[PDB]
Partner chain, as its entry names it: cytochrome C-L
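This document opens with one chain alone, in structure tokens, the form solved without its partner chain.
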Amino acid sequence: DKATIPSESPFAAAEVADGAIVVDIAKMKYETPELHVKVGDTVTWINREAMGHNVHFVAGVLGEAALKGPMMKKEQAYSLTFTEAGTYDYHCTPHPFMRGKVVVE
């Protein structure tokens, strides 16, 4: 696996770590569609709108299986810690026109 999951559950936006690397989700878009981080960094997505959203990496991207994140409700968050350099594309499961990528360097 090229990512670990701190919390399998979404969690509250106020519970996001001090200094987190945050991608906001609003207006049916990931607000940072191309994020560059370093090996070992944790990225946190935070849903800022009513509509449920997740992040979904298909099989072979972050590991053998697809990494289909849990649906985040409004003001919920979800983190992934990236452990290997590469380019990792993702989309939103119910709204697959929403696309982003994490580039881990």
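Positions refer to the first chain, counted from 1.
A.B. asks: Please work out which of 12-20 and 88-96 has the higher mean CA B-factor as recorded in the PDB entry.
C.D. replies: Mean B over CA atoms: larger for 12-20.
A.B. asks: Higher mean Cα B-factor in the deposited model: 75-83 or 58-66?
C.D. replies: Per the PDB entry, the higher value belongs to 58-66.
A.B. asks: Comparing recorded Cα B-factors across 35, 46, 43, 50, which one is largest?
C.D. replies: Result of the comparison over 35, 46, 43, 50: 50.
A.B. asks: Could you tell me which third, lowest, middle or highest, the C-alpha B-factor of residue 104 occupies within its chain?
C.D. replies: Answer is middle: the recorded C-alpha B-factor places it there.
Not on display, but discussed next: the form solved in complex with its partner chain.
A.B. asks: Within 4.5 Å of its partner chain in the deposited complex, heavy atoms considered, which of 35, 67, 77, 43?
C.D. replies: Of 35, 67, 77, 43, the residue with a heavy atom within 4.5 Å of its partner chain in the deposited complex is 35.
A.B. asks: Taking its partner chain as it sits in the deposited complex, is residue 26 in contact with it (heavy atom to heavy atom, 4.5 Å or less)?
C.D. replies: It does: once its partner chain is placed as it appears in the deposited complex, residue 26 has a heavy atom within 4.5 Å of it.
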